[PDB]
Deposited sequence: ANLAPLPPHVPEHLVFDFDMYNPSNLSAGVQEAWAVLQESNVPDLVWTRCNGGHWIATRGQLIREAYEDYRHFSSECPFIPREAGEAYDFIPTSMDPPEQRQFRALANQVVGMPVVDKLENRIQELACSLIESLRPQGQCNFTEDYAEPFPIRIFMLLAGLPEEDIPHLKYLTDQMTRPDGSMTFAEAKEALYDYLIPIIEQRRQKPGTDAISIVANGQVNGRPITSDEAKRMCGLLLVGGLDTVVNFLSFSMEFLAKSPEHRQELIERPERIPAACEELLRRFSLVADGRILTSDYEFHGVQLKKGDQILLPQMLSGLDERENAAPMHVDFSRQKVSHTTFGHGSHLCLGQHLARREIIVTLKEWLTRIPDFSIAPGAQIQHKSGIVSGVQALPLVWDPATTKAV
């Protein structure tokens, strides 16, 4: 059944054959399907024989510990079946000049203007497919604004990024990546010569280790800033809007109590956490009584820390007034999402603008929403409807 044979250092009593790309109970919702790993008969660290064979840490304490311990759990192979500290700190520091908290605070209303334009387009229609019509266009338009790229390039960039996460067969993953680099290289070179204040100019003019960043370093940094802020945001906004379409009392709460929108964002980030990446052991290492071997891959699912009942009570319920929202949805440790501040502002702006203009909306009649699981889990489609006479062209 596609199972890799058990390595001889792994005890049989820790084997649980969870498949991160096709978990059993996916029609209950992806977070629910993954929470099978937190049932009380499942140890805190298990081995699955799926996807080549790899460990899974199932509890927040272990997932945080491993992400803290970059000496033993390296990001050189984070994907199942890429840099660690000090170089990594140099590149982060450079990325932070593009998406750090000061930039996001200066840029917050550009983000709100984009949301309002998209939302006002859709509002009189009384229907949309949220994933396609808002969740994808909003982060890609923010990228083009931040990167100083023109509107007419959106469809071709969206296309290249779609081929990495869901190829239609036109391009290999390698061709998609090279096509993207081919697009970015000449703009990086131009803006090294004639910089502006956009993101690509900031990157193209950084220094690594006492010298000008190379073309190769800059294309990879630009590429990671672009792909990092797309599938995660698209899918997270869709999980959150799926929940709000199904829960009118939570819509009402935020309409009545808009000051709670930033806390609601944090709680949605906990409940609809969606990333599950990995590390590779750099050496043999005993971790909580379990012998790990050099070279073993371990999935450390950021999704699971906040769903762990040990971290949050009644973790499947959405409660915007939780006193302490514990999660690792943007990661933990040295690779903690550089985009965490930009993403929170995109979530808060989308909650404020959507519930202002379209306060009452539902899942389309008859639609059954379907999820997909993987390194970034997500929503296949989100058909929504509403009565235009209940909307506000504010």
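Q: Give the ranges of the deposited sequence, numbered from 1, for which the structure holds no C-alpha coordinates, in sequence order.
A: Unobserved in coordinates, per deposited numbering: 82-93, one stretch.
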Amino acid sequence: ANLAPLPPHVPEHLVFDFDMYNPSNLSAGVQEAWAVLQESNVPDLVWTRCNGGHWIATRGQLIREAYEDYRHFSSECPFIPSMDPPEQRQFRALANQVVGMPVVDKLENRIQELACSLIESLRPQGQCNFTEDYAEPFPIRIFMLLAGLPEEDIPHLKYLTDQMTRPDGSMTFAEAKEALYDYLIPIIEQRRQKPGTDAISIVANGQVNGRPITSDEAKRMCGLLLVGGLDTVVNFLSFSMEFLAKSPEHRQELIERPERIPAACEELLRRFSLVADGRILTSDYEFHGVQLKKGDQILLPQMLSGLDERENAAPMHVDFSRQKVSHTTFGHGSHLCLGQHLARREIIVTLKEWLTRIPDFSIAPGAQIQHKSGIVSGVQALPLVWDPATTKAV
From here on, numbers count along this sequence of modelled residues.
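Q: Of 378-386 and 20-28, which one has the bigger average CA B-factor?
A: Going by the record's values, the stretch with the higher mean is 20-28.
Q: On average, are the C-alpha B-factors higher in 118-126 or in 72-80?
A: Stretch with the higher mean C-alpha B-factor: 72-80.
Q: Can you pull the Cα B-factors for 167, 306, 301, 262 from the entry and say which is highest?
A: Each of 167, 306, 301, 262 was compared by C-alpha B-factor; the highest is 167.
Q: Just the C-alpha B-factor column, please: which of 144, 98, 244, 276 has the biggest number?
A: Largest recorded C-alpha B-factor: 98.
Q: Going by the CA temperature factor in the PDB record, which third of the chain does residue 36 belong to: lowest, middle or highest?
A: For residue 36, whose C-alpha B-factor we compare with every modelled residue in the chain, the answer is the middle third.
Q: Of the three thirds of its chain by CA temperature factor, lowest, middle or highest, which one includes residue 181?
A: Highest third of the chain for residue 181's C-alpha B-factor.
Q: Grab the CA temperature factor for residue 266 from the record and place it in the lowest, middle or highest third of its chain.
A: Its C-alpha B-factor belongs to the lowest third of this chain's values.
Q: In terms of the CA temperature factor given in the entry, to which third of its chain does residue 102 belong: lowest, middle or highest?
A: According to the entry, residue 102 has a C-alpha B-factor in the chain's highest third.
Q: Classify residue 237 as lowest, middle or highest third according to the C-alpha B-factor given in the PDB entry, relative to its own chain.
A: Within its chain, residue 237 is a lowest-third residue by C-alpha B-factor, going by the deposited values.
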